[PDB]
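J.: Before I ask anything, here is the structure I am working with.
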Amino acid sequence: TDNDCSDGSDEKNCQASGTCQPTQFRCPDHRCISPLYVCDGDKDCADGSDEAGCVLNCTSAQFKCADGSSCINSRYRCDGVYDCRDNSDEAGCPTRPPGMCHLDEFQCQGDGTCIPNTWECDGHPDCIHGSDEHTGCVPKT
Amino acid sequence: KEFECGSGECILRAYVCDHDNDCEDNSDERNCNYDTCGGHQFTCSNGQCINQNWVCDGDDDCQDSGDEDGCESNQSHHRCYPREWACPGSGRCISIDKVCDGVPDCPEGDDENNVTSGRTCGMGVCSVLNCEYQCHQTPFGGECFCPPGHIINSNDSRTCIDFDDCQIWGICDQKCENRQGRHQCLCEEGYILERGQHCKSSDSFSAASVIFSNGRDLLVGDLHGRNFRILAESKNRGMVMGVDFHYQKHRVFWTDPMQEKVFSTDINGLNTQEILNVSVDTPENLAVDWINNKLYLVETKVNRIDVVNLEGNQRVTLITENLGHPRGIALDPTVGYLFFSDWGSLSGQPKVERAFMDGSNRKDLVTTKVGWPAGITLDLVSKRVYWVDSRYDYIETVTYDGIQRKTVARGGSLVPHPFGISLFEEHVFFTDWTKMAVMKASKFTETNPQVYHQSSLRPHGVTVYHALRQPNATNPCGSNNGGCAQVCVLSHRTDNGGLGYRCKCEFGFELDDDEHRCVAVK
Ligand SMILES: *[C@@H]1O[C@H](CO)[C@@H](O[C@@H]2O[C@H](CO)[C@@H](O[C@@H]3O[C@H](CO)[C@@H](O)[C@H](O)[C@@H]3O)[C@H](O)[C@H]2NC(C)=O)[C@H](O)[C@H]1NC(C)=O
Ligand SMILES: *[C@@H]1O[C@H](CO)[C@@H](O)[C@H](O)[C@H]1NC(C)=O
Ligand SMILES: *[C@@H]1O[C@H](CO)[C@@H](O)[C@H](O)[C@H]1NC(C)=O
Ligand SMILES: *[C@@H]1O[C@H](CO)[C@@H](O)[C@H](O)[C@H]1NC(C)=O
Ligand SMILES: *[C@H]1O[C@H](CO)[C@H](O)[C@H](O)[C@H]1NC(C)=O
Ligand SMILES: *[C@H]1O[C@H](CO)[C@H](O)[C@H](O)[C@H]1NC(C)=O
Ligand SMILES: *[C@H]1O[C@H](CO)[C@H](O)[C@H](O)[C@H]1NC(C)=O
Ligand SMILES: *[C@H]1O[C@H](CO)[C@H](O)[C@H](O)[C@H]1NC(C)=O
Ligand SMILES: [Ca+2]
Ligand SMILES: [Ca+2]
Ligand SMILES: [Ca+2]
Ligand SMILES: [Ca+2]
Ligand SMILES: [Ca+2]
Ligand SMILES: [Ca+2]
Ligand SMILES: [Ca+2]
């Protein structure tokens, strides 16, 4: 029922015989439909026959909401933004130990804030009293 | 303190005089204020007013189920109908004139002989039933059939009780009364009754024509398609998108998304001029308030609904909240509603929305099983809205309050991809993007829509050019611009303490505390 050919050639002689192609799924009394729309989170048939009764699936590059309501991309896991409705993504994210900093971070002795290791001994005092450019830093020839 | 009934009982003041009997003496129900409901309320059978949002939500608030009547899309019949038979499979109803006639006249085809069941069509035990009217052949043998205004009683096939034929879909095209002859049709003023069922336009009006977009140009023809005339041809690879008219001034308006402009012309093709060319980029559809001299416009680059005068000067945005993908628009200035469609909001929900003619009191008129709702048209005499859907591929109708949902067409073979729709008297003309033609359809029930004009391109919005399509009504803003400083936008008749209008200010101003005088925005 979609005018793909832009001239209606792919929708000519379409009949209610209910004899869709093997690949195409058949809504009970609505239309045939492509597999790529079966179980895709969207009700494409009138009665939602193409979506009801199925279950979600995920590659190694995706993450499951706790309630099974979505398969979000793994990039959005532990990002500071609630994506899943049940907030299953940002729960259990790594917490910086009390008043310290992660392994990837130098800590400014002047105020306790954290900056990446890549900024320690880089010639630019990032910390508020220049703690990150201490005299222990190797001189750059 | 509280109100004490004549029978010796205390009842709270809030529930005193609210259509609730309370004390058996009905002391609180002898007096009747129970004034008529406002625009924002639904009116129950017993006169109780409830908020519009309570309608078809699942709660029988009216105590009469008047607000929960047929919220479903006519999934199945209710005991079928008199002088009709029920197909078990899908709830389709056909009459005895088709049952056992030798042809499968419903999807299951159960109404004929089948080798898998052994049911045969002919007489039978009906000789013992002794029906009130007649017997006739069914695949189970002889069964009862009864005249108009005769339906079988409670689990008593032999007994027929009088029935209200006024409740059957499409018994009379406009109006019906059941006090005489078990039913009788009648017509609104301006129409004239033909036969005993159909009301047609009186010949006292000039003519009736249908205007539609060929997909490139603006066409026009008669109601039978004998002759077609190109009204205005598109320039610079233009595209006629959405069309509407104004019978009083003989002007026809059409939008253009490719040229990003909105035009207007006389019916003769003279004086074609640009109405708007600023900030209008994808005007999907259009509508005209014919009594207030306004042009309501749809925009989809920045999803909003505008209102501008017929010449295109005074502009103000009405709806912007959660408008998602607005496609369809229709209005009834005589009563004062605005109907518009939305095939996806900022919230995932698609819906068909109702609002006052100034954007106030938005309501989800139809929410369930709505898919991709498209252009909307109104039956101005029966108070119903007709909308088409491109996802679930149906043409459906609900009343102004969203109750009594009935489907007039359905299926991938019937209406594979409707876009635009318009009513005249008994026919819905609807564009379809798959069969690539403007199609003529009966407005009650159709087995198969007829082809009206077959195009080489995707057609678009259709309208029927006639005077009766724009009934007369008084103009609330006629009394010296309604007192508003800049712009007078019409609203519900019951809004603004019955004044029927709300003042607005053009872009760059805001309303003061008087709601009459505009002040420069800060
Ligand atoms: C809404 O109201 C307007 C104004 O009352 C109606 O327009 C007018 O309708 C009358 C008929 O009642 C027309 O009179 C006829 O005009 C023709 C042409 O000149 C003439 O041959 C007839 O003998 C008769 O005089 C009138 O022309 C027409 N136009 C105006 C501006 O007055 C309109 O029909 C009403 N519409 C509805 C749907 O109620
Ligand atoms: C999908 O589901 C199957 C189990 O039915 C599983 O073995 C497979 O790895 C999943 N594939 C993808 C692409 O998620
Ligand atoms: C059948 O109809 C009679 C009519 O009086 C009613 O009393 C009875 O309850 C009905 N029985 C059933 C099972 O519908
Ligand atoms: C818009 O229309 C006006 C009036 O015809 C014209 O003066 C103006 O140049 C137009 N602007 C554009 C961008 O077409
Ligand atoms: C329907 O028609 C199709 C056309 O490809 C096939 O011939 C099919 O076998 C037919 N019958 C059914 C039941 O699908
Ligand atoms: C965050 O929780 C984890 C649990 O493994 C660690 O205990 C971490 O030290 C916690 N940090 C804070 C501040 O709560
Ligand atoms: C500076 O010289 C030392 C040896 O004395 C190292 O080779 C070092 O790598 C040099 N600096 C850079 C930037 O390469
Ligand atoms: C009913 O009351 C409404 C306001 O709720 C309007 O005032 C309407 O005009 C009234 N109807 C009648 C017949 O007076
Ligand atoms: Ca479709
Ligand atoms: Ca799907
Ligand atoms: Ca996240
Ligand atoms: Ca540094
Ligand atoms: Ca009461
Ligand atoms: Ca309710
Ligand atoms: Ca038959």
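Here, A, B, ... name the chains of the structure tokens in the order displayed, residue numbers run from 1 inside each chain, and ligands are numbered from 1 in the same displayed order.
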If you count only C-alpha atoms and all ligand atoms, which residues end up within 9 Å of ligand 10, as a list in words?

T.: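 So the residues close to ligand 10 are residues 35, 36, 37, 38, 39, 40, 41, 42, 43, 44, 45, 48, 49, 50, 51 and 52 of chain A.
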
J.: Write out, as a PDB file, in the first residue's frame, the residues just selected, with N, CA and C atoms.

T.:
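What follows is the written file result.pdb:
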```
ATOM      1  N   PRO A  35       9.457  -7.975   6.222  1.00  0.00           N
ATOM      2  CA  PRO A  35      10.031  -8.448   7.483  1.00  0.00           C
ATOM      3  C   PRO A  35      10.707  -7.377   8.336  1.00  0.00           C
ATOM      4  N   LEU A  36      11.343  -6.389   7.695  1.00  0.00           N
ATOM      5  CA  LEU A  36      12.104  -5.372   8.411  1.00  0.00           C
ATOM      6  C   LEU A  36      11.196  -4.494   9.278  1.00  0.00           C
ATOM      7  N   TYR A  37       9.870  -4.671   9.156  1.00  0.00           N
ATOM      8  CA  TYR A  37       8.916  -3.953   9.995  1.00  0.00           C
ATOM      9  C   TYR A  37       8.241  -4.879  11.008  1.00  0.00           C
ATOM     10  N   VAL A  38       8.479  -6.194  10.929  1.00  0.00           N
ATOM     11  CA  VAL A  38       7.973  -7.107  11.943  1.00  0.00           C
ATOM     12  C   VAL A  38       8.868  -7.026  13.174  1.00  0.00           C
ATOM     13  N   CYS A  39       8.219  -6.830  14.328  1.00  0.00           N
ATOM     14  CA  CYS A  39       8.863  -6.703  15.624  1.00  0.00           C
ATOM     15  C   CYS A  39       9.966  -5.635  15.586  1.00  0.00           C
ATOM     16  N   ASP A  40       9.579  -4.372  15.375  1.00  0.00           N
ATOM     17  CA  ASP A  40      10.521  -3.264  15.282  1.00  0.00           C
ATOM     18  C   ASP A  40      10.197  -2.134  16.263  1.00  0.00           C
ATOM     19  N   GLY A  41       9.327  -2.386  17.249  1.00  0.00           N
ATOM     20  CA  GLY A  41       8.927  -1.378  18.228  1.00  0.00           C
ATOM     21  C   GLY A  41       7.794  -0.463  17.752  1.00  0.00           C
ATOM     22  N   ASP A  42       7.288  -0.691  16.531  1.00  0.00           N
ATOM     23  CA  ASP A  42       6.240   0.127  15.944  1.00  0.00           C
ATOM     24  C   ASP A  42       5.122  -0.774  15.423  1.00  0.00           C
ATOM     25  N   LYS A  43       3.878  -0.371  15.701  1.00  0.00           N
ATOM     26  CA  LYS A  43       2.709  -1.110  15.256  1.00  0.00           C
ATOM     27  C   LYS A  43       2.400  -0.701  13.822  1.00  0.00           C
ATOM     28  N   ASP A  44       2.792  -1.542  12.859  1.00  0.00           N
ATOM     29  CA  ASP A  44       2.620  -1.205  11.452  1.00  0.00           C
ATOM     30  C   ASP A  44       1.285  -1.717  10.916  1.00  0.00           C
ATOM     31  N   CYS A  45       0.780  -2.836  11.447  1.00  0.00           N
ATOM     32  CA  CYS A  45      -0.541  -3.311  11.059  1.00  0.00           C
ATOM     33  C   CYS A  45      -1.604  -2.548  11.850  1.00  0.00           C
ATOM     34  N   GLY A  48      -1.867  -4.273  15.238  1.00  0.00           N
ATOM     35  CA  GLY A  48      -0.566  -4.519  15.849  1.00  0.00           C
ATOM     36  C   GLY A  48      -0.176  -5.999  15.857  1.00  0.00           C
ATOM     37  N   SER A  49      -0.720  -6.783  14.911  1.00  0.00           N
ATOM     38  CA  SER A  49      -0.415  -8.206  14.808  1.00  0.00           C
ATOM     39  C   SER A  49       1.064  -8.452  14.492  1.00  0.00           C
ATOM     40  N   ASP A  50       1.748  -7.461  13.902  1.00  0.00           N
ATOM     41  CA  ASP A  50       3.136  -7.645  13.498  1.00  0.00           C
ATOM     42  C   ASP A  50       4.097  -7.407  14.665  1.00  0.00           C
ATOM     43  N   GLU A  51       3.607  -6.825  15.768  1.00  0.00           N
ATOM     44  CA  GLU A  51       4.480  -6.431  16.869  1.00  0.00           C
ATOM     45  C   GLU A  51       4.194  -7.251  18.128  1.00  0.00           C
ATOM     46  N   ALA A  52       2.923  -7.634  18.323  1.00  0.00           N
ATOM     47  CA  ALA A  52       2.502  -8.378  19.504  1.00  0.00           C
ATOM     48  C   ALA A  52       3.080  -9.795  19.495  1.00  0.00           C
TER      49      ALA A  52
END
```

J.: Near chain A, which residues of chain B fall within 9 Å when you count only C-alpha atoms, and what do they look like as a PyMOL selection string?

T.: chain B and resi 369-371+390-393+410-413+415-417+433-436+456-458

J.: Would you mind exporting C-alpha atoms of the selected residues as a PDB file, in the first residue's frame?

T.:
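Full text of result16.pdb as output:
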```
ATOM      1  CA  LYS B 369      -5.849   3.116  16.479  1.00  0.00           C
ATOM      2  CA  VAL B 370      -5.156   6.370  14.641  1.00  0.00           C
ATOM      3  CA  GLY B 371      -1.845   5.581  12.860  1.00  0.00           C
ATOM      4  CA  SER B 390      -2.495   6.498   5.511  1.00  0.00           C
ATOM      5  CA  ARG B 391      -1.028   3.897   7.908  1.00  0.00           C
ATOM      6  CA  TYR B 392      -4.060   1.746   8.770  1.00  0.00           C
ATOM      7  CA  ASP B 393      -5.739   2.746   5.464  1.00  0.00           C
ATOM      8  CA  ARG B 410     -11.067  -0.124   5.139  1.00  0.00           C
ATOM      9  CA  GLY B 411      -8.433  -2.294   3.494  1.00  0.00           C
ATOM     10  CA  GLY B 412      -5.378  -2.136   1.245  1.00  0.00           C
ATOM     11  CA  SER B 413      -7.549  -2.763  -1.843  1.00  0.00           C
ATOM     12  CA  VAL B 415      -8.202   3.085   0.213  1.00  0.00           C
ATOM     13  CA  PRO B 416      -4.498   2.137   0.051  1.00  0.00           C
ATOM     14  CA  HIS B 417      -3.096   5.603   0.819  1.00  0.00           C
ATOM     15  CA  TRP B 433      -1.672   8.287  -3.314  1.00  0.00           C
ATOM     16  CA  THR B 434      -1.527   4.638  -4.420  1.00  0.00           C
ATOM     17  CA  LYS B 435      -4.213   4.339  -7.119  1.00  0.00           C
ATOM     18  CA  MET B 436      -3.021   7.872  -8.063  1.00  0.00           C
ATOM     19  CA  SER B 456      -0.231  10.836 -13.636  1.00  0.00           C
ATOM     20  CA  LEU B 457       1.087  12.361 -10.375  1.00  0.00           C
ATOM     21  CA  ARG B 458       0.223  12.069  -6.689  1.00  0.00           C
TER      22      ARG B 458
END
```

J.: With 9 Å as the cut-off and only C-alpha atoms and all ligand atoms counted, what is the closest atom pair between each nearby residue of chain A and ligand 6? Distances in Å to one decimal, ordered by chain and number, as CSV.

T.:
```
residue,atom,partner,partner_atom_place_in_ligand_line,distance
A:92,CA,ligand 6,2 (O),7.5
A:93,CA,ligand 6,2 (O),7.8
A:94,CA,ligand 6,1 (C),6.0
A:95,CA,ligand 6,1 (C),3.7
A:96,CA,ligand 6,11 (N),5.1
A:97,CA,ligand 6,9 (O),3.7
A:98,CA,ligand 6,13 (C),4.5
A:99,CA,ligand 6,13 (C),7.5
A:100,CA,ligand 6,13 (C),8.8
```

J.: Identify which of the residues A:63, A:113, A:126, A:102 lies closest to residue 90 (chain A), counting only C-alpha atoms when measuring atom-to-atom distances.

T.: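 Nearest candidate to residue 90 (chain A) out of A:63, A:113, A:126, A:102: A:63.
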
J.: Please identify all protein, DNA and RNA residues within 7 Å of ligand 2, counting only C-alpha atoms and all ligand atoms, and report them as an mmCIF file with N, CA and C atoms, in the first residue's frame.

T.:
```cif
data_model
loop_
_atom_site.group_PDB
_atom_site.id
_atom_site.type_symbol
_atom_site.label_atom_id
_atom_site.label_comp_id
_atom_site.auth_asym_id
_atom_site.auth_seq_id
_atom_site.Cartn_x
_atom_site.Cartn_y
_atom_site.Cartn_z
ATOM 1 N N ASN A 57 15.851 -8.220 21.033
ATOM 2 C CA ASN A 57 17.139 -8.879 20.844
ATOM 3 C C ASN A 57 18.224 -7.807 20.689
ATOM 4 N N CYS A 58 19.475 -8.131 21.066
ATOM 5 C CA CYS A 58 20.561 -7.156 21.054
ATOM 6 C C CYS A 58 21.894 -7.780 20.615
ATOM 7 N N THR A 59 22.640 -7.051 19.760
ATOM 8 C CA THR A 59 24.048 -7.329 19.481
ATOM 9 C C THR A 59 24.944 -6.956 20.671
#
```

J.: Counting only C-alpha atoms and all ligand atoms, name the residues that have an atom within 12 Å of an atom of ligand 4; the answer should be given as a list in words.

T.: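 Those within range of ligand 4 are residues 259, 260, 261, 262, 263, 272, 273, 274, 275, 276, 277, 278, 279, 280, 281, 311, 312 and 313 of chain B.
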
J.: Those same residues - N, CA, C and O atoms - I'd like them written as an mmCIF file, in the first residue's frame.

T.:
```cif
data_model
loop_
_atom_site.group_PDB
_atom_site.id
_atom_site.type_symbol
_atom_site.label_atom_id
_atom_site.label_comp_id
_atom_site.auth_asym_id
_atom_site.auth_seq_id
_atom_site.Cartn_x
_atom_site.Cartn_y
_atom_site.Cartn_z
ATOM 1 N N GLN B 259 7.353 26.166 -4.120
ATOM 2 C CA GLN B 259 7.630 27.590 -4.259
ATOM 3 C C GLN B 259 7.624 28.291 -2.902
ATOM 4 O O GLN B 259 8.019 29.452 -2.831
ATOM 5 N N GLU B 260 7.164 27.598 -1.847
ATOM 6 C CA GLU B 260 7.135 28.147 -0.493
ATOM 7 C C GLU B 260 6.304 29.435 -0.462
ATOM 8 O O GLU B 260 6.668 30.396 0.216
ATOM 9 N N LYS B 261 5.182 29.434 -1.192
ATOM 10 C CA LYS B 261 4.283 30.579 -1.246
ATOM 11 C C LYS B 261 2.839 30.095 -1.164
ATOM 12 O O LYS B 261 2.562 28.920 -1.400
ATOM 13 N N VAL B 262 1.932 31.021 -0.830
ATOM 14 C CA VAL B 262 0.505 30.746 -0.797
ATOM 15 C C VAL B 262 -0.189 31.724 -1.737
ATOM 16 O O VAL B 262 0.027 32.929 -1.647
ATOM 17 N N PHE B 263 -1.042 31.189 -2.617
ATOM 18 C CA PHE B 263 -1.696 31.990 -3.642
ATOM 19 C C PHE B 263 -3.197 32.048 -3.374
ATOM 20 O O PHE B 263 -3.704 31.392 -2.465
ATOM 21 N N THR B 272 -4.707 36.236 -9.963
ATOM 22 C CA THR B 272 -3.906 35.330 -9.158
ATOM 23 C C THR B 272 -2.806 36.131 -8.469
ATOM 24 O O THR B 272 -1.952 36.705 -9.143
ATOM 25 N N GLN B 273 -2.819 36.144 -7.133
ATOM 26 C CA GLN B 273 -1.880 36.954 -6.371
ATOM 27 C C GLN B 273 -1.308 36.138 -5.218
ATOM 28 O O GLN B 273 -1.930 35.192 -4.744
ATOM 29 N N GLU B 274 -0.117 36.539 -4.764
ATOM 30 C CA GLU B 274 0.545 35.906 -3.634
ATOM 31 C C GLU B 274 -0.006 36.478 -2.333
ATOM 32 O O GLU B 274 -0.039 37.689 -2.155
ATOM 33 N N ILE B 275 -0.448 35.594 -1.439
ATOM 34 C CA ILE B 275 -0.976 36.015 -0.152
ATOM 35 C C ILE B 275 0.173 36.149 0.849
ATOM 36 O O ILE B 275 0.289 37.169 1.521
ATOM 37 N N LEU B 276 0.972 35.085 1.006
ATOM 38 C CA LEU B 276 2.111 35.087 1.916
ATOM 39 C C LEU B 276 3.333 34.557 1.172
ATOM 40 O O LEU B 276 3.209 33.650 0.356
ATOM 41 N N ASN B 277 4.523 35.083 1.488
ATOM 42 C CA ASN B 277 5.764 34.472 1.023
ATOM 43 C C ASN B 277 6.872 34.542 2.079
ATOM 44 O O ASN B 277 8.019 34.217 1.778
ATOM 45 N N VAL B 278 6.540 34.931 3.315
ATOM 46 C CA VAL B 278 7.528 35.040 4.381
ATOM 47 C C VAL B 278 7.217 33.996 5.448
ATOM 48 O O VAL B 278 6.076 33.899 5.896
ATOM 49 N N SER B 279 8.245 33.231 5.848
ATOM 50 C CA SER B 279 8.189 32.284 6.960
ATOM 51 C C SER B 279 7.271 31.096 6.655
ATOM 52 O O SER B 279 7.152 30.186 7.470
ATOM 53 N N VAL B 280 6.612 31.114 5.493
ATOM 54 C CA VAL B 280 5.822 29.987 5.030
ATOM 55 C C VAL B 280 6.701 29.157 4.110
ATOM 56 O O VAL B 280 7.129 29.646 3.068
ATOM 57 N N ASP B 281 6.971 27.908 4.501
ATOM 58 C CA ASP B 281 7.949 27.100 3.787
ATOM 59 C C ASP B 281 7.383 25.759 3.337
ATOM 60 O O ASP B 281 7.766 25.290 2.271
ATOM 61 N N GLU B 311 -6.559 38.635 2.860
ATOM 62 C CA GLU B 311 -5.578 39.349 2.049
ATOM 63 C C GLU B 311 -4.149 39.106 2.542
ATOM 64 O O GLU B 311 -3.207 39.426 1.818
ATOM 65 N N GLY B 312 -3.993 38.564 3.759
ATOM 66 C CA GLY B 312 -2.702 38.077 4.231
ATOM 67 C C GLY B 312 -1.910 39.089 5.057
ATOM 68 O O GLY B 312 -0.682 39.060 5.041
ATOM 69 N N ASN B 313 -2.589 39.955 5.820
ATOM 70 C CA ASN B 313 -1.899 41.033 6.523
ATOM 71 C C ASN B 313 -1.709 40.710 8.010
ATOM 72 O O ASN B 313 -0.576 40.657 8.486
#
```

J.: What's the 12 Å shell around region 18-28 of chain B, counting only C-alpha atoms, without same-chain residues fewer than 5 positions away, as a ChimeraX atom specification?

T.: /B:2-13,33-35,44-50,62-64

J.: Collect all residues with atoms no farther than 9 Å from ligand 8, counting only C-alpha atoms and all ligand atoms, and output them as a JSON list (two decimals) with N, CA, C and O atoms, in the first residue's frame.

T.:
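Output file part_8.json follows:
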```
[["chain", "number", "residue", "atom", "x", "y", "z"],
["B", 34, "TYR", "N", -29.33, 23.56, 36.09],
["B", 34, "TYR", "CA", -28.80, 22.65, 35.07],
["B", 34, "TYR", "C", -28.69, 23.32, 33.70],
["B", 34, "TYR", "O", -29.19, 22.79, 32.70],
["B", 35, "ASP", "N", -28.01, 24.46, 33.66],
["B", 35, "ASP", "CA", -27.87, 25.25, 32.45],
["B", 35, "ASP", "C", -27.08, 24.47, 31.40],
["B", 35, "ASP", "O", -26.33, 23.54, 31.72],
["B", 36, "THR", "N", -27.24, 24.88, 30.14],
["B", 36, "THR", "CA", -26.64, 24.20, 29.01],
["B", 36, "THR", "C", -25.12, 24.26, 29.14],
["B", 36, "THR", "O", -24.58, 25.28, 29.58],
["B", 37, "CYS", "N", -24.44, 23.17, 28.75],
["B", 37, "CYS", "CA", -23.00, 23.05, 28.94],
["B", 37, "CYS", "C", -22.25, 24.03, 28.03],
["B", 37, "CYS", "O", -22.78, 24.51, 27.03],
["B", 38, "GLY", "N", -21.02, 24.37, 28.42],
["B", 38, "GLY", "CA", -20.18, 25.24, 27.62],
["B", 38, "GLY", "C", -19.51, 24.50, 26.46],
["B", 38, "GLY", "O", -19.78, 23.33, 26.21],
["B", 39, "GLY", "N", -18.60, 25.20, 25.78],
["B", 39, "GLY", "CA", -17.84, 24.62, 24.69],
["B", 39, "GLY", "C", -16.93, 23.48, 25.17],
["B", 39, "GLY", "O", -16.73, 22.50, 24.45],
["B", 41, "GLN", "N", -17.37, 21.36, 27.59],
["B", 41, "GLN", "CA", -18.06, 20.29, 28.30],
["B", 41, "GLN", "C", -18.86, 19.43, 27.32],
["B", 41, "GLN", "O", -19.32, 19.90, 26.28],
["B", 493, "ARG", "N", -18.89, 29.86, 20.56],
["B", 493, "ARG", "CA", -20.03, 30.73, 20.84],
["B", 493, "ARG", "C", -20.23, 30.97, 22.33],
["B", 493, "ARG", "O", -20.72, 32.02, 22.73],
["B", 494, "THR", "N", -19.83, 30.01, 23.17],
["B", 494, "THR", "CA", -19.99, 30.11, 24.61],
["B", 494, "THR", "C", -18.76, 30.71, 25.28],
["B", 494, "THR", "O", -18.78, 30.95, 26.49],
["B", 495, "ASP", "N", -17.67, 30.92, 24.52],
["B", 495, "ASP", "CA", -16.45, 31.47, 25.08],
["B", 495, "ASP", "C", -16.59, 32.99, 25.26],
["B", 495, "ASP", "O", -17.38, 33.64, 24.58],
["B", 497, "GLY", "N", -17.75, 34.73, 27.76],
["B", 497, "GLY", "CA", -19.05, 35.11, 28.29],
["B", 497, "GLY", "C", -20.12, 35.27, 27.21],
["B", 497, "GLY", "O", -20.97, 36.15, 27.30],
["B", 498, "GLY", "N", -20.06, 34.41, 26.18],
["B", 498, "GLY", "CA", -21.06, 34.38, 25.12],
["B", 498, "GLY", "C", -20.75, 35.34, 23.97],
["B", 498, "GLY", "O", -21.45, 35.31, 22.96]]
```

J.: Would you work out the distance separating atom 18 (C, counted along the ligand's line) of ligand 1 from CA of residue 245 (chain B), expressed in Å to one decimal?

T.: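 About the pair atom 18 (C, counted along the ligand's line) of ligand 1 and CA of residue 245 (chain B): they are 19.6 Å apart.
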
J.: Give me, please, the distance in Å between CA of residue 290 (chain B) and CA of residue 406 (chain B), quoted to one decimal.

T.: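 Separating CA of residue 290 (chain B) from CA of residue 406 (chain B) is a distance of 28.7 Å.
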
J.: Please list as a compact mmCIF listing (two decimals) with N, CA and C atoms, in the first residue's frame every residue within 10 Å of residue 166 (chain B), counting only C-alpha atoms and excluding residues in the same chain fewer than 4 positions away.

T.:
```
# COMPACT_ATOMS: atom_id res chain seq x y z
N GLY B 149 -38.91 -1.33 11.62
CA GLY B 149 -39.43 -1.12 12.96
C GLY B 149 -39.95 -2.41 13.60
N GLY B 170 -26.90 5.31 8.18
CA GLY B 170 -27.23 5.67 6.82
C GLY B 170 -28.70 5.47 6.45
N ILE B 171 -29.60 5.41 7.44
CA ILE B 171 -31.02 5.29 7.14
C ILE B 171 -31.53 6.56 6.46
N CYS B 172 -31.07 7.73 6.94
CA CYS B 172 -31.37 9.00 6.32
C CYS B 172 -30.10 9.85 6.29
N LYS B 175 -31.18 13.86 8.44
CA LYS B 175 -31.96 13.85 9.67
C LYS B 175 -33.05 12.79 9.61
N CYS B 176 -33.53 12.39 10.79
CA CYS B 176 -34.51 11.32 10.91
C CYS B 176 -35.35 11.51 12.17
N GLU B 177 -36.65 11.21 12.06
CA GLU B 177 -37.58 11.21 13.18
C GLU B 177 -38.38 9.91 13.17
N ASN B 178 -38.70 9.39 14.36
CA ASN B 178 -39.25 8.05 14.49
C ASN B 178 -40.69 8.08 14.99
N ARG B 182 -42.76 4.63 11.87
CA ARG B 182 -41.66 3.93 12.53
C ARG B 182 -40.34 4.65 12.27
N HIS B 183 -40.34 5.59 11.32
CA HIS B 183 -39.21 6.47 11.04
C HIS B 183 -39.62 7.39 9.89
N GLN B 184 -38.93 8.54 9.77
CA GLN B 184 -39.12 9.45 8.66
C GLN B 184 -37.89 10.34 8.54
N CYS B 185 -37.43 10.53 7.29
CA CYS B 185 -36.28 11.39 7.01
C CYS B 185 -36.75 12.82 6.81
```

J.: Compute the set of protein, DNA and RNA residues whose minimum atom distance to ligand 1 is at most 9 Å, using only C-alpha atoms and all ligand atoms, and state it as a list in words.

T.: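 After applying the 9 Å limit, what remains is residues 189, 190, 204, 205, 206, 247, 248, 249, 466, 467, 468, 469, 470, 471, 472 and 473 of chain B.
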
J.: What are the nearest atom pairs, with distances in Å to one decimal, for all residues of chain A that come at most 9 Å from ligand 11, using only C-alpha atoms and all ligand atoms, set out by chain and rising residue number as a Markdown table?

T.:
```
| residue | atom | partner | partner_atom_place_in_ligand_line | distance |
| --- | --- | --- | --- | --- |
| A:72 | CA | ligand 11 | 1 (Ca) | 8.6 |
| A:74 | CA | ligand 11 | 1 (Ca) | 8.8 |
| A:75 | CA | ligand 11 | 1 (Ca) | 8.0 |
| A:76 | CA | ligand 11 | 1 (Ca) | 4.3 |
| A:77 | CA | ligand 11 | 1 (Ca) | 4.7 |
| A:78 | CA | ligand 11 | 1 (Ca) | 5.4 |
| A:79 | CA | ligand 11 | 1 (Ca) | 4.8 |
| A:80 | CA | ligand 11 | 1 (Ca) | 5.9 |
| A:81 | CA | ligand 11 | 1 (Ca) | 4.3 |
| A:82 | CA | ligand 11 | 1 (Ca) | 4.6 |
| A:83 | CA | ligand 11 | 1 (Ca) | 4.7 |
| A:84 | CA | ligand 11 | 1 (Ca) | 7.2 |
| A:87 | CA | ligand 11 | 1 (Ca) | 7.8 |
| A:88 | CA | ligand 11 | 1 (Ca) | 8.3 |
| A:89 | CA | ligand 11 | 1 (Ca) | 5.1 |
| A:90 | CA | ligand 11 | 1 (Ca) | 5.5 |
```

J.: Could you report the residues within 9 Å of ligand 5, using only C-alpha atoms and all ligand atoms, as a compact mmCIF listing (two decimals) with N, CA and C atoms, in the first residue's frame?

T.:
```txt
# COMPACT_ATOMS: atom_id res chain seq x y z
N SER A 17 -7.05 -11.23 -1.83
CA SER A 17 -7.00 -12.69 -1.78
C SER A 17 -6.20 -13.20 -0.58
N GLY A 18 -5.40 -12.32 0.05
CA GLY A 18 -4.64 -12.67 1.24
C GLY A 18 -3.58 -13.73 0.95
N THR A 19 -2.82 -13.50 -0.13
CA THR A 19 -1.88 -14.49 -0.65
C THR A 19 -0.52 -13.82 -0.86
N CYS A 20 -0.03 -13.16 0.21
CA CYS A 20 1.22 -12.42 0.16
C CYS A 20 2.39 -13.35 -0.16
N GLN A 21 3.53 -12.75 -0.51
CA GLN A 21 4.74 -13.50 -0.79
C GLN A 21 5.26 -14.13 0.50
N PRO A 22 6.05 -15.23 0.42
CA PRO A 22 6.61 -15.87 1.61
C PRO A 22 7.38 -14.92 2.53
```
